[PDB]
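Heads up: the structure comes next, in structure tokens.
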There are 2 protein chains.
Amino acid sequence: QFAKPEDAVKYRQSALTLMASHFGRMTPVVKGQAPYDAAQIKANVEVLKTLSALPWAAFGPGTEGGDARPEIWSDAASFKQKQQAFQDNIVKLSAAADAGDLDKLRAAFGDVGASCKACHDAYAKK
Amino acid sequence: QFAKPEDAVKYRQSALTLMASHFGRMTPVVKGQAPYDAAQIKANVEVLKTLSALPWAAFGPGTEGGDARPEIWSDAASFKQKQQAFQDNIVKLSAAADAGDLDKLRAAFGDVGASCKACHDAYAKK
Ligand code: HEC
Ligand code: HEC
């Protein structure tokens, strides 16, 4: 869907910005600093689910640019493992949200965050 | 979810960028320049549905900035009519996609596009 590599870069950066907001806005809730409304969180995690599937198709070959490290492309398999594993942590977060299980939500939220950082430390430029 | 108005601006711009890509990538399909795969289009319009609900909550009072015209805030009701009407055009597009009805998809796509432009001509800076 991208006319030039720059369009893929802009798309993925925008998608990642939106995940970050839908993930990070729950921090006060998981810390207990803001109240826990199970329905609110269920709905927000559904949005996050949708968004978390979107970036990867915008790292399609030849789309070097942005702050993407080149290693995304020279080992397609390891990067794919990374994103698929991240998405499966999102599945655990969805399960916790759908169950209205706060304890499970806290644990899943931490594991998701660790997954974000694991990818950045291998694949995003400093 | 925004610490400063700039964060709302960045969110909405990113959300709008993603809609634009999920909307515009269907142009070749509705023109017949690319093939019509009903399942592909159904799935893409579901993504567009999700995305098309997101920008509006990031124009929450005091978030002047970006290329948003000030009139978004001085008449909350007219802007709301605009976004809600846009979202209902998205509903028609979803119905057409879910039905696998190409003719309906073409018509709905044009009406969605007109709705985007109607909002821009009142509420986005040139
Ligand atoms: C690899 C499998 C990743 C996972 C999982 C997550 N992110 Fe990431 N992110 C990744 C790359 C390669 C990049 C650079 C993209 C580019 O081309 O520049 C990024 C970038 C971001 C950004 C900045 C986006 C921008 O505006 O430029 C943010 C805010 C971000 N990532 C957030 C984020 C969060 C919160 C994640 C887990 C919920 C997450 N990312 C996962 C690679 C990967
Ligand atoms: C009002 C109800 C709108 C409707 C419907 C659509 N858009 Fe729009 N758009 C609107 C505003 C007020 C702005 C400015 C936002 C800001 O603070 O700068 C925009 C902007 C965009 C952009 C640019 C985003 C960026 O990267 O800065 C794009 C690509 C865009 N809009 C696309 C777009 C499409 C394709 C729409 C219909 C499918 C659509 N918008 C509807 C207001 C409104």
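Each Cβ is built from the backbone N, Cα and C atoms, and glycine gets one as well.
Listed in Swiss-Prot:
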MOD_RES   B:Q1  pyrrolidone carboxylic acid
BINDING   B:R12, B:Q13, B:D67, B:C116, B:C119, B:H120  heme c binding site
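This view paints the features noted in Swiss-Prot onto the structure.
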residue : record                      : Cβ contacts under 8 Å, 6 or more apart
B:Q1    : pyrrolidone carboxylic acid : B:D7, B:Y11
B:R12   : heme c binding site         : B:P55, B:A58, B:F59, B:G66, B:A68
B:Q13   : heme c binding site         : B:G66
B:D67   : heme c binding site         : B:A124, B:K125
B:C116  : heme c binding site         : B:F23, B:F86
B:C119  : heme c binding site         : B:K82, B:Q83, B:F86
B:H120  : heme c binding site         : none
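Secondary structure from DSSP puts B:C119 (heme c binding site) in a helix. Binding of heme c is attributed in the record to B:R12, B:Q13, B:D67, B:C116, B:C119, B:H120, and the widest Cα separation among these residues amounts to 15 Å. Closeness to ligand 2 is met by B:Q13, B:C116, these being the recorded positions among B:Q1, B:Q13, B:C116 whose Cβ falls under 6 Å from the molecule. Listed in chain order, the extra residues whose Cβ falls within 8 Å of the Cβ center of the heme c site residues B:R12, B:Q13, B:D67, B:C116, B:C119, B:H120 are B:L16, B:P55, B:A68, B:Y123, B:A124. Checking the recorded positions B:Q1, B:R12, B:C116, B:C119, B:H120 against chain A with a Cβ-Cβ cut-off under 8 Å leaves B:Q1, in sequence order.
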